[PDB]
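What follows is a single chain, given as structure tokens, in the form deposited in one PDB entry.
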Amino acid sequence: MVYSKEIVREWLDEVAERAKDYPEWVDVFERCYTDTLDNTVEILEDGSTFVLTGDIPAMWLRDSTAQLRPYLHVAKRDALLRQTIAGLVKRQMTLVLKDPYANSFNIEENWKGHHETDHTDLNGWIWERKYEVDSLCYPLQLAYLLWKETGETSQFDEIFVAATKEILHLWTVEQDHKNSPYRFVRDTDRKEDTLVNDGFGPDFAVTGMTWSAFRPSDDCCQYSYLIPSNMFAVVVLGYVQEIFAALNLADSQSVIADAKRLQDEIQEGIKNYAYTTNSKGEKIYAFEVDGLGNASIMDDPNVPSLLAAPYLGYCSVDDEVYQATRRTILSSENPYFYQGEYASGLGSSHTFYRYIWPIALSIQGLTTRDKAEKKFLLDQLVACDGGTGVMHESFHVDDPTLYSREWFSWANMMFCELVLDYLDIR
């Protein structure tokens, strides 16, 4: 038993009433919201929560957080769903202790997943072991957001503390990847799916930022300091300080100090290495840097992205450098910016040329104060659904009946987030 049907239905009724001038949004909103809740969420024998991301019995730390985030509003009313979200944080943290370098975990210790192709330290709980900094950001973000929105604190247990320590340790080790016990090689012809230099990745200098193998797209980093993931790290490291101080958790003085030191070191790394210049000579954030002087000018639709920086809480939407970066990202100066008959937006190394991501359109609306822009993007999201009434991974700018991922809950839920944002439901 996952949530209260009666309370959720009543909440959805209220949302529908507020959005009554936009039946087409309500149609898609209810379809996305209910699908995720009814088909991806399950309670395990130990009472914790496992969240599927599609059909495969595996949970991404990233997807599971993003999928359940918009249930926080109704979780203020539905105490059962509040337990369910608490149970997800507990399962995420338990899994982090299993292996903090893994992005995706099995429902039980079953050795399902990518083990036949993947050369790396593996155990039976790991579906995939692509190390992505954001994977460890997302559970801390969820734990914090659950606490702030509902007041729930049961997720802050001893496994939470142990997992927090593991994250701080890993992030610190990875401030100089020369010392890392992580290597990853996949037997594949697709180079985005494996790391260069026999599993070690590209060259880097120490910058104070923390190293990543892969992006939230699951494609490998071109340079190792992935700017939007270090931004998210800075934010959740603030969350860690707030949580440990407020709740007098075991070893607070130590954890707070480590988190603060790490935060300040990553912040300084961003300040010294994250910036570059666009065609017009404006200062902008780079997407990836190596500390050796290379810095790419682009953004990827997967979050954390440079576009999502204010949505992640890293900077103000009004920040000058953010706005310059956003102008550059949403233009052909970004090699993943695509323009067509039906829409313009952001493609990815992970999807076909000319296909753009609803998720980045949702994030675009979530990161502008312009209500007309939010409305435009919402209308565009529903108009470009290929007649399916749900959100896809990517769709072709000249023909949205061409698209990838029939069932993509993350995108479904980010649509819901933009709708709630438009409605000032907060």
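Throughout, we count residues from 1 along the sequence that is shown.
A second form of this protein, the form solved in complex with a small molecule, is not displayed here; the remarks below concern that form.
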* Does the 4.5 Å heavy atom contact test between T53 and the small molecule in the bound PDB entry come out positive? -> yes
* Asked: With the partner left out of view, is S217 within 4.5 angstroms of the small molecule in the bound PDB entry by any non-hydrogen atom?
  -> yes
* the small molecule contact in the bound PDB entry: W25, any heavy atom under 4.5 Å -> no
* To do: Answer for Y403 alone: is it within 4.5 Å of the small molecule in the bound PDB entry, judged on heavy atom distances?
  => no
* To do: Sort through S212, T164, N302, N106 and report the residue having a heavy atom within 4.5 Å of the small molecule in the bound PDB entry.
  => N302
* **Among the candidates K112, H73, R183, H350, the residue which, in the bound PDB entry, approaches the small molecule to within 4.5 Å (heavy atoms)** => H350
* Structure fact -> Per contact check vs the small molecule in the bound PDB entry (non-hydrogen atom within 4.5 angstroms), the hit among 283-291, 334-342, 217-225, 173-181 is 217-225
